[PDB]
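A single chain comes next, written as structure tokens; it is the form deposited in one PDB entry.
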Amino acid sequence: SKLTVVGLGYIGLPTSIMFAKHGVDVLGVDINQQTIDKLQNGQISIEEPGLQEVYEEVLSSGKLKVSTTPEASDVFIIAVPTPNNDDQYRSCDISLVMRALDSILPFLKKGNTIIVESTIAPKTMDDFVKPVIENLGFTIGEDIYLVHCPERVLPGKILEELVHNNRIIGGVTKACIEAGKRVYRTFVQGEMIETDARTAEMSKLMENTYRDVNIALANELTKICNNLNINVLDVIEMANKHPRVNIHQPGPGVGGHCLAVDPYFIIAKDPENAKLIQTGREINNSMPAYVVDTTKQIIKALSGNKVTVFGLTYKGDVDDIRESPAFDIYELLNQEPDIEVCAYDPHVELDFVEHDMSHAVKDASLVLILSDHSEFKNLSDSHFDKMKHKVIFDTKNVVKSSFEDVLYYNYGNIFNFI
């Protein structure tokens, strides 16, 4: 009957709004007072079209109340962030999840369900959540239910995505699985995949890992192809004609998300068993410097120091500068003497970011494309008129419009310039 959502960001706030929309009494919990003040003043703390309207209905119905403190509840959902650890492997930091678990503990009653929606390293539910709960007068699958249901939201379609997506319900016990289904049954029309907590954890991280290792492969191949005057993009397209070959696209590096590596067991106790993952991460981490070295060479062959960075985010059409290879390049270029850097991103609202394109491209020798923003797809020679040299090095292969005055380069043909 009552649900507490701990963490009111991109995951937690729409989720709280969703259960409250279906008649559940929801208490939204966040440690950020600025967030709580915004919410208590009737405004959503996140940027999502149409959500403000839904929030207004739900706030007025008295179904969604907010606080900096948890309170007694039937269901608790942890949707706090899992920052990236300062380590090679890029392990998920479970510290905010454990801090959030400790806020919930004094309010725990028999029959309660704890759902962890945040990204967690494999064996977190079993080896970290379970011992803490069992330390209190509790038995998992009997007194309380422990579910890991990984939450992943599609921006622009968050609420629809929350209803129609297939969902993984990872219970510690078979009883926990049933408790998880009970919770989501409220609005989830999508399929509910039943499994244990460790399988749910491992699976989501394996998705991230397949993607990282494959991007590392593409990036490593780009370096090889550039050395041999081979077009990497044409060869990936060629090789992918094999039904079981799916080579990924290269880029300026990898950001956001964390991998299938627990900080302890497979780093501190058996690291040679995560050798491929480590190598993949090393290759992806080296791409900002590879882009910078390529930039330095373009700027050497041309008159000028001005490089205009286009995009400071990892994903396109997102305002997230957090753990961004595009920002890493900008900062390296800024640090670098003999290079005058100017960032352009329509999605990024920072002070230092140039808001106008024409002003940003003004007297620049090179336009550096580091994000695949929709705006960058349809760019004509008209946009680059103010440049000292009309040259583009696109690390994302986003520009789909052909030019004449402007010299356009990919990872596929950058070797032609040098």
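All residue numbers are counted from 1 along the displayed sequence. Take the two forms, superpose them, and find the largest set of C-alpha atoms that agree within 1.5 Å; that set is the rigid core.
Taking only CA atoms, the mean B-factor in the PDB entry is higher for 374 to 382 than for the other of 374 to 382 and 63 to 71. Note on 211 to 219 vs 136 to 144: mean CA B-factor is higher in 136 to 144. Out of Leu39, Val54, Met357, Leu368, the entry records its largest CA B-factor for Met357. Out of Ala268, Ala197, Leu333, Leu101, the entry records its largest CA B-factor for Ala268. Placement of the Cα temperature factor of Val24 within the chain: middle third of the modelled residues, per the deposited record.
When the modelled residues of the chain are ordered by C-alpha B-factor, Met387 sits in the highest third. Among the modelled residues of its chain, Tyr290 has a C-alpha B-factor that falls in the lowest third according to the deposited record. In this PDB entry, the Cα temperature factor of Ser402 sits in the top third of its chain's modelled residues, the highest group. Ranked by Cα temperature factor within the chain, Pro122 sits in the middle third according to the deposited record.
One more form of this protein should be noted, the form deposited in another entry, which is absent from this view; the next part is about it.
The residue among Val261, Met125, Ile168, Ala216 whose Cα moves by 2 angstroms or more between this form and the one not shown, once the core is superposed, is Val261.
Taking 2 Å as the criterion, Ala20 does not count as shifted between this form and the one not shown: its C-alpha moves by less than this amount when the rigid core is aligned. The Cα shift for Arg281 between this form and the one not shown, taken after rigid core superposition, is smaller than 2 angstroms. Once both forms are overlaid on the rigid core, the distance between the two CA positions of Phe138 between this form and the one not shown is 2 angstroms or more.
One change in the other entry concerns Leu205 and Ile266, whose Cα atoms lie at least 3 Å closer than in this form. The pair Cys92 and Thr395 separates in the other entry: their C-alpha atoms are at least 3 Å more distant from each other than in the form depicted.
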